[PDB]
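K.L.:
Structure supplied as upload-v1.pdb; contents: PDB, C-alpha atoms and all ligand atoms.
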ATOM      1  CA  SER V   1    -221.085 -25.975-146.033
ATOM      2  CA  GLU V   2    -222.141 -28.038-143.015
ATOM      3  CA  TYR V   3    -225.722 -29.339-142.737
ATOM      4  CA  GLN V   4    -226.592 -28.352-146.319
ATOM      5  CA  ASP V   5    -228.931 -31.240-147.127
ATOM      6  CA  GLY V   6    -232.320 -29.484-147.244
ATOM      7  CA  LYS V   7    -233.253 -30.832-143.799
ATOM      8  CA  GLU V   8    -234.254 -28.628-140.832
ATOM      9  CA  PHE V   9    -232.141 -27.155-138.000
ATOM     10  CA  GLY V  10    -228.781 -25.385-138.026
ATOM     11  CA  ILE V  11    -225.897 -24.606-135.704
ATOM     12  CA  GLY V  12    -226.974 -23.028-132.429
ATOM     13  CA  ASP V  13    -230.602 -24.217-132.654
ATOM     14  CA  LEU V  14    -232.200 -25.381-129.400
ATOM     15  CA  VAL V  15    -233.862 -28.743-129.949
ATOM     16  CA  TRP V  16    -235.600 -31.727-128.490
ATOM     17  CA  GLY V  17    -233.724 -34.899-129.447
ATOM     18  CA  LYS V  18    -235.056 -38.479-129.216
ATOM     19  CA  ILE V  19    -232.706 -41.324-128.259
ATOM     20  CA  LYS V  20    -233.772 -44.994-128.207
ATOM     21  CA  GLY V  21    -235.653 -45.822-125.023
ATOM     22  CA  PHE V  22    -235.155 -42.342-123.548
ATOM     23  CA  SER V  23    -237.505 -39.417-123.198
ATOM     24  CA  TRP V  24    -237.106 -36.481-125.508
ATOM     25  CA  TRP V  25    -234.090 -34.611-124.201
ATOM     26  CA  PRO V  26    -233.091 -30.944-124.708
ATOM     27  CA  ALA V  27    -230.087 -30.281-126.885
ATOM     28  CA  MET V  28    -228.206 -27.714-128.931
ATOM     29  CA  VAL V  29    -227.163 -28.293-132.529
ATOM     30  CA  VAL V  30    -223.383 -27.938-132.814
ATOM     31  CA  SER V  31    -220.934 -28.128-135.671
ATOM     32  CA  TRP V  32    -218.867 -31.294-135.999
ATOM     33  CA  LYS V  33    -215.723 -29.296-135.193
ATOM     34  CA  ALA V  34    -216.948 -28.894-131.617
ATOM     35  CA  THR V  35    -217.289 -32.661-131.083
ATOM     36  CA  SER V  36    -213.691 -33.884-131.645
ATOM     37  CA  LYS V  37    -215.191 -36.655-133.802
ATOM     38  CA  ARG V  38    -216.226 -36.452-137.472
ATOM     39  CA  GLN V  39    -218.602 -34.769-139.884
ATOM     40  CA  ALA V  40    -222.209 -35.836-139.500
ATOM     41  CA  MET V  41    -223.574 -38.131-142.177
ATOM     42  CA  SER V  42    -225.828 -36.239-144.560
ATOM     43  CA  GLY V  43    -229.251 -35.939-142.971
ATOM     44  CA  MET V  44    -227.822 -36.028-139.427
ATOM     45  CA  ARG V  45    -226.945 -33.264-136.976
ATOM     46  CA  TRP V  46    -224.439 -33.228-134.164
ATOM     47  CA  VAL V  47    -226.118 -32.157-130.935
ATOM     48  CA  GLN V  48    -224.861 -31.492-127.441
ATOM     49  CA  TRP V  49    -227.234 -32.528-124.645
ATOM     50  CA  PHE V  50    -228.024 -30.041-121.889
ATOM     51  CA  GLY V  51    -227.118 -31.292-118.439
ATOM     52  CA  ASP V  52    -224.280 -33.620-119.445
ATOM     53  CA  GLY V  53    -222.603 -31.771-122.336
ATOM     54  CA  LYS V  54    -222.164 -35.007-124.316
ATOM     55  CA  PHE V  55    -222.344 -35.103-128.125
ATOM     56  CA  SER V  56    -224.586 -37.373-130.253
ATOM     57  CA  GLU V  57    -225.206 -37.831-133.974
ATOM     58  CA  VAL V  58    -228.967 -37.643-134.400
ATOM     59  CA  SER V  59    -231.145 -37.822-137.477
ATOM     60  CA  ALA V  60    -232.677 -34.441-138.274
ATOM     61  CA  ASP V  61    -235.993 -36.351-138.277
ATOM     62  CA  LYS V  62    -235.478 -37.313-134.614
ATOM     63  CA  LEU V  63    -235.222 -33.592-133.637
ATOM     64  CA  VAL V  64    -237.888 -30.937-133.031
ATOM     65  CA  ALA V  65    -237.551 -27.285-132.037
ATOM     66  CA  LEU V  66    -237.337 -26.821-128.279
ATOM     67  CA  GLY V  67    -239.947 -24.064-128.692
ATOM     68  CA  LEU V  68    -242.526 -26.816-129.221
ATOM     69  CA  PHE V  69    -242.184 -27.219-125.488
ATOM     70  CA  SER V  70    -245.420 -28.584-124.045
ATOM     71  CA  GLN V  71    -245.589 -31.121-126.893
ATOM     72  CA  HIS V  72    -242.364 -32.920-125.892
ATOM     73  CA  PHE V  73    -241.934 -32.024-122.236
ATOM     74  CA  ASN V  74    -242.307 -35.330-120.390
ATOM     75  CA  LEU V  75    -243.886 -34.608-117.027
ATOM     76  CA  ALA V  76    -243.307 -38.128-115.676
ATOM     77  CA  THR V  77    -239.617 -38.066-116.599
ATOM     78  CA  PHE V  78    -239.409 -34.639-114.982
ATOM     79  CA  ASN V  79    -240.762 -36.145-111.770
ATOM     80  CA  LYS V  80    -238.651 -39.327-111.674
ATOM     81  CA  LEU V  81    -235.187 -38.296-112.948
ATOM     82  CA  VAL V  82    -233.230 -35.484-111.287
ATOM     83  CA  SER V  83    -230.989 -35.307-114.371
ATOM     84  CA  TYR V  84    -233.982 -34.372-116.539
ATOM     85  CA  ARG V  85    -234.769 -31.541-114.119
ATOM     86  CA  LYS V  86    -231.132 -30.441-114.344
ATOM     87  CA  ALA V  87    -231.222 -30.591-118.148
ATOM     88  CA  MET V  88    -234.380 -28.455-118.172
ATOM     89  CA  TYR V  89    -232.628 -25.791-116.101
ATOM     90  CA  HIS V  90    -229.627 -25.367-118.405
ATOM     91  CA  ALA V  91    -231.754 -25.613-121.559
ATOM     92  CA  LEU V  92    -234.329 -23.068-120.414
ATOM     93  CA  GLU V  93    -231.698 -20.772-118.915
ATOM     94  CA  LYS V  94    -230.148 -20.612-122.367
ATOM     95  CA  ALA V  95    -233.604 -19.897-123.800
ATOM     96  CA  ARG V  96    -234.080 -17.075-121.269
ATOM     97  CA  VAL V  97    -230.853 -15.273-122.199
ATOM     98  CA  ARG V  98    -231.572 -15.466-125.918
ATOM     99  CA  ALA V  99    -235.165 -14.395-125.408
ATOM    100  CA  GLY V 100    -234.377 -11.205-123.601
ATOM    101  CA  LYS V 101    -236.404 -12.592-120.681
ATOM    102  CA  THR V 102    -235.815 -12.185-116.937
ATOM    103  CA  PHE V 103    -237.396 -13.863-113.892
ATOM    104  CA  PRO V 104    -237.552 -12.680-110.251
ATOM    105  CA  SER V 105    -235.287 -14.505-107.805
ATOM    106  CA  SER V 106    -233.263 -23.454-104.763
ATOM    107  CA  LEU V 107    -233.451 -25.565-107.959
ATOM    108  CA  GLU V 108    -237.138 -26.506-107.945
ATOM    109  CA  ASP V 109    -238.000 -22.956-106.985
ATOM    110  CA  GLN V 110    -235.769 -21.569-109.722
ATOM    111  CA  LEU V 111    -237.246 -23.993-112.279
ATOM    112  CA  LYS V 112    -240.857 -22.994-111.425
ATOM    113  CA  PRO V 113    -241.060 -19.685-113.389
ATOM    114  CA  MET V 114    -238.822 -21.063-116.137
ATOM    115  CA  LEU V 115    -241.045 -24.112-116.600
ATOM    116  CA  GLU V 116    -244.204 -21.972-116.602
ATOM    117  CA  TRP V 117    -242.767 -19.521-119.134
ATOM    118  CA  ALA V 118    -241.674 -22.421-121.366
ATOM    119  CA  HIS V 119    -244.924 -24.375-121.019
ATOM    120  CA  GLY V 120    -246.937 -21.192-121.592
ATOM    121  CA  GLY V 121    -245.235 -20.656-124.929
ATOM    122  CA  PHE V 122    -242.191 -18.408-124.295
ATOM    123  CA  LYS V 123    -244.157 -15.154-123.742
ATOM    124  CA  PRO V 124    -243.774 -12.423-124.703
ATOM    125  CA  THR V 125    -241.277 -13.197-127.480
ATOM    126  CA  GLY V 126    -242.804 -16.522-128.496
ATOM    127  CA  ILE V 127    -240.549 -19.110-130.052
ATOM    128  CA  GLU V 128    -238.837 -16.520-132.274
ATOM    129  CA  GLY V 129    -236.830 -15.372-129.264
ATOM    130  CA  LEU V 130    -235.047 -18.705-128.858
ATOM    131  CA  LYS V 131    -233.131 -18.371-132.135
ATOM    132  CA  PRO V 132    -229.326 -17.999-131.944
ATOM    133  CA  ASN V 133    -227.453 -14.659-132.418
TER
HETATM  134  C1  LIG G 201    -228.630 -36.564-119.779
HETATM  135  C2  LIG G 201    -228.128 -37.986-119.966
HETATM  136  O1  LIG G 201    -227.059 -37.797-120.907
HETATM  137  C3  LIG G 201    -229.319 -38.898-120.362
HETATM  138  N1  LIG G 201    -229.371 -39.729-121.616
HETATM  139  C4  LIG G 201    -228.904 -41.108-121.287
HETATM  140  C5  LIG G 201    -227.595 -41.500-122.005
HETATM  141  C6  LIG G 201    -227.609 -42.887-122.652
HETATM  142  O2  LIG G 201    -226.508 -41.428-121.068
HETATM  143  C7  LIG G 201    -228.670 -39.242-122.846
HETATM  144  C8  LIG G 201    -229.348 -38.257-123.778
HETATM  145  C9  LIG G 201    -229.337 -36.881-123.145
HETATM  146  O3  LIG G 201    -230.678 -38.659-124.176
END
With the file now loaded, output its structure as C-alpha cells.
P.N.:
Amino acid sequence: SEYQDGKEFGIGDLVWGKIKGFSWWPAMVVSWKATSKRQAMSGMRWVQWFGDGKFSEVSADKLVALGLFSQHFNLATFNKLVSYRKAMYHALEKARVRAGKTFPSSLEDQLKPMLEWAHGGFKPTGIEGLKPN
C-alpha cells in the first residue's frame, strides 16, 4: 500500500527529520490521509513535526530513527531555541508512553529526566520500546 518502496520507516515511527538550514527535528511518520494534501512521491514519507504539528514531505534518506538520540540531538539548538525544547518534550513524552516508562514529578525540570533517559539510550527498554502499537 503506502510507503511500499523498499525504503525505511513506516506509519507511526518516531524520527529525526532534516530540513534545509535547520537542525534535525523530531517527527512522526504519518500517512498521507492525515495531511489533507497528497500521496508522498515514491521514496518520500509524510511526517508531522513535534511542537508545531505541521506536515512535511521528506526523503526517507533525510530521516533517522529518533532512538538514535545522542547522534542527532543538537545541544546548541536546544540551548538557543525554546521551540526545540518544546519539540523535545512532546517527542520524548510520546516515547515515554510507548516505552512503558515513567518519571517522578516546570518545563526545564520536566525535560531533565526525559532528556537523560533519551540521551542514555532509552533504558531499560532500549530503542525497541519506541515502536508504535
Ligand atoms: C518547529 C518549527 O516547525 C521549526 N522548523 C522551521 C520551519 C521552517 O517553520 C520546521 C521543522 C520542524 O524543521
K.L.:
Applying the PyMOL selection byres (((chain V and resi 125) around 12) and not hetatm) to the file I just gave you, which residues come out? Please list them as JSON, numbers by chain.
P.N.:
{"V": [67, 95, 96, 97, 98, 99, 100, 101, 102, 117, 118, 120, 121, 122, 123, 124, 126, 127, 128, 129, 130, 131]}
K.L.:
Using only C-alpha atoms and all ligand atoms, pick whichever of V:37, V:72, V:80, V:85 has the shortest atom-to-atom distance to ligand LIG 201 (chain G).
P.N.:
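Comparing V:37, V:72, V:80, V:85 against ligand LIG 201 (chain G), the winner is V:85.
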K.L.:
Using all atoms listed in the file, which protein or nucleic acid residues are at most 7 Å from ligand LIG 201 (chain G), as a list in words?
P.N.:
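Selection of residues at most 7 Å from ligand LIG 201 (chain G): residues 18, 19, 22, 23, 24, 25, 49, 50, 51, 52, 54, 83, 84 and 87 of chain V.
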K.L.:
Choose the residue, out of V:53, V:113, V:104, V:16, that has the smallest atom-to-atom separation from residue 34 (chain V); count only C-alpha atoms.
P.N.:
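Result for the nearest residue to residue 34 (chain V): V:53.
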K.L.:
Given the file above and the PyMOL selection byres (((chain V and resi 62) around 10) and not hetatm), which residues are selected, and can you give them as a list in words?
P.N.:
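Selected by the PyMOL selection byres (((chain V and resi 62) around 10) and not hetatm) in this file: residues 15, 16, 17, 18, 19, 24, 44, 45, 58, 59, 60, 61, 63 and 64 of chain V.
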K.L.:
Rank nothing, just name the residue among V:81, V:114, V:76, V:28 nearest to residue 57 (chain V), using all atoms listed in the file.
P.N.:
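That would be V:28, the residue with the smallest distance to residue 57 (chain V).
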K.L.:
On this structure, the PyMOL selection byres (((chain V and resi 5) around 12) and not hetatm) would catch which residues? List them as a PyMOL selection string, sorted by chain and number.
P.N.:
chain V and resi 1-4+6-10+40-45+59-60
K.L.:
For residue 132 (chain V), which residue out of V:11, V:33, V:47, V:110 is the nearest one, using all atoms listed in the file?
P.N.:
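The shortest atom-to-atom distance to residue 132 (chain V) comes from V:11.
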K.L.:
Quick one: of V:13, V:116, V:93, V:108, who's nearest to residue 30 (chain V), counting only C-alpha atoms?
P.N.:
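Among V:13, V:116, V:93, V:108, it is V:13 that comes nearest to residue 30 (chain V).
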K.L.:
Would you mind reading off the distance between CA of residue 38 (chain V) and CA of residue 12 (chain V), one decimal, in Å?
P.N.:
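Calculated distance between CA of residue 38 (chain V) and CA of residue 12 (chain V) is 17.9 Å.
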K.L.:
Let me have the centre and edge lengths of the axis-aligned box enclosing all listed atoms of region 57-73 of chain V with 4 Å padding on every side, in Å to one decimal, as AutoDock Vina command-line options.
P.N.:
--center_x -235.4 --center_y -30.9 --center_z -130.3 --size_x 28.4 --size_y 21.8 --size_z 24.0
K.L.:
Have a look at V:86, V:69, V:48, V:39 and name the one nearest to residue 111 (chain V); count all atoms listed in the file.
P.N.:
V:86
K.L.:
State, in Å with one decimal place, the distance from CA of residue 73 (chain V) to CA of residue 119 (chain V).
P.N.:
8.3 Å
K.L.:
Please, what distance in Å, to one decimal, runs between CA of residue 26 (chain V) and CA of residue 133 (chain V)?
P.N.:
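It comes out at 18.9 Å.
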K.L.:
Generate N, CA and C atoms for region 4-25 of chain V and emit them as a PDB file, in the coordinates of the input.
P.N.:
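Here's the written file out-v3.pdb:
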ATOM      1  N   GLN V   4    -225.931 -28.860-145.115  1.00  0.00           N
ATOM      2  CA  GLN V   4    -226.592 -28.352-146.319  1.00  0.00           C
ATOM      3  C   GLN V   4    -227.164 -29.525-147.112  1.00  0.00           C
ATOM      4  N   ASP V   5    -228.267 -30.067-146.568  1.00  0.00           N
ATOM      5  CA  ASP V   5    -228.931 -31.240-147.127  1.00  0.00           C
ATOM      6  C   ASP V   5    -230.436 -31.035-147.259  1.00  0.00           C
ATOM      7  N   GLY V   6    -230.903 -29.792-147.214  1.00  0.00           N
ATOM      8  CA  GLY V   6    -232.320 -29.484-147.244  1.00  0.00           C
ATOM      9  C   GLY V   6    -232.975 -29.539-145.875  1.00  0.00           C
ATOM     10  N   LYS V   7    -232.585 -30.525-145.057  1.00  0.00           N
ATOM     11  CA  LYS V   7    -233.253 -30.832-143.799  1.00  0.00           C
ATOM     12  C   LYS V   7    -233.143 -29.683-142.796  1.00  0.00           C
ATOM     13  N   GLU V   8    -234.055 -29.699-141.816  1.00  0.00           N
ATOM     14  CA  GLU V   8    -234.254 -28.628-140.832  1.00  0.00           C
ATOM     15  C   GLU V   8    -233.020 -28.452-139.932  1.00  0.00           C
ATOM     16  N   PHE V   9    -233.041 -27.370-139.140  1.00  0.00           N
ATOM     17  CA  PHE V   9    -232.141 -27.155-138.000  1.00  0.00           C
ATOM     18  C   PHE V   9    -230.708 -26.821-138.405  1.00  0.00           C
ATOM     19  N   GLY V  10    -230.157 -25.765-137.805  1.00  0.00           N
ATOM     20  CA  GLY V  10    -228.781 -25.385-138.026  1.00  0.00           C
ATOM     21  C   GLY V  10    -228.061 -25.110-136.713  1.00  0.00           C
ATOM     22  N   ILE V  11    -226.783 -24.738-136.856  1.00  0.00           N
ATOM     23  CA  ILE V  11    -225.897 -24.606-135.704  1.00  0.00           C
ATOM     24  C   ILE V  11    -226.454 -23.572-134.742  1.00  0.00           C
ATOM     25  N   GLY V  12    -226.445 -23.901-133.453  1.00  0.00           N
ATOM     26  CA  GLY V  12    -226.974 -23.028-132.429  1.00  0.00           C
ATOM     27  C   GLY V  12    -228.416 -23.295-132.045  1.00  0.00           C
ATOM     28  N   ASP V  13    -229.167 -24.031-132.875  1.00  0.00           N
ATOM     29  CA  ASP V  13    -230.602 -24.217-132.654  1.00  0.00           C
ATOM     30  C   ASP V  13    -230.863 -25.058-131.409  1.00  0.00           C
ATOM     31  N   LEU V  14    -231.800 -24.615-130.577  1.00  0.00           N
ATOM     32  CA  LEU V  14    -232.200 -25.381-129.400  1.00  0.00           C
ATOM     33  C   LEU V  14    -233.247 -26.409-129.791  1.00  0.00           C
ATOM     34  N   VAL V  15    -233.032 -27.668-129.421  1.00  0.00           N
ATOM     35  CA  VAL V  15    -233.862 -28.743-129.949  1.00  0.00           C
ATOM     36  C   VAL V  15    -234.243 -29.738-128.861  1.00  0.00           C
ATOM     37  N   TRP V  16    -235.331 -30.446-129.124  1.00  0.00           N
ATOM     38  CA  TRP V  16    -235.600 -31.727-128.490  1.00  0.00           C
ATOM     39  C   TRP V  16    -235.031 -32.849-129.355  1.00  0.00           C
ATOM     40  N   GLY V  17    -234.269 -33.741-128.748  1.00  0.00           N
ATOM     41  CA  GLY V  17    -233.724 -34.899-129.447  1.00  0.00           C
ATOM     42  C   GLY V  17    -234.188 -36.195-128.802  1.00  0.00           C
ATOM     43  N   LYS V  18    -234.514 -37.186-129.644  1.00  0.00           N
ATOM     44  CA  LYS V  18    -235.056 -38.479-129.216  1.00  0.00           C
ATOM     45  C   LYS V  18    -234.004 -39.574-129.375  1.00  0.00           C
ATOM     46  N   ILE V  19    -233.590 -40.165-128.260  1.00  0.00           N
ATOM     47  CA  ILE V  19    -232.706 -41.324-128.259  1.00  0.00           C
ATOM     48  C   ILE V  19    -233.508 -42.566-127.853  1.00  0.00           C
ATOM     49  N   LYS V  20    -233.062 -43.725-128.355  1.00  0.00           N
ATOM     50  CA  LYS V  20    -233.772 -44.994-128.207  1.00  0.00           C
ATOM     51  C   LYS V  20    -234.036 -45.327-126.741  1.00  0.00           C
ATOM     52  N   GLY V  21    -235.312 -45.458-126.383  1.00  0.00           N
ATOM     53  CA  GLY V  21    -235.653 -45.822-125.023  1.00  0.00           C
ATOM     54  C   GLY V  21    -235.413 -44.744-123.996  1.00  0.00           C
ATOM     55  N   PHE V  22    -235.298 -43.488-124.432  1.00  0.00           N
ATOM     56  CA  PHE V  22    -235.155 -42.342-123.548  1.00  0.00           C
ATOM     57  C   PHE V  22    -236.212 -41.313-123.906  1.00  0.00           C
ATOM     58  N   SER V  23    -236.639 -40.552-122.905  1.00  0.00           N
ATOM     59  CA  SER V  23    -237.505 -39.417-123.198  1.00  0.00           C
ATOM     60  C   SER V  23    -236.834 -38.456-124.189  1.00  0.00           C
ATOM     61  N   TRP V  24    -237.656 -37.612-124.789  1.00  0.00           N
ATOM     62  CA  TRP V  24    -237.106 -36.481-125.508  1.00  0.00           C
ATOM     63  C   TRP V  24    -236.248 -35.669-124.548  1.00  0.00           C
ATOM     64  N   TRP V  25    -235.051 -35.322-124.999  1.00  0.00           N
ATOM     65  CA  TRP V  25    -234.090 -34.611-124.201  1.00  0.00           C
ATOM     66  C   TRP V  25    -233.693 -33.297-124.882  1.00  0.00           C
TER      67      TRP V  25
END
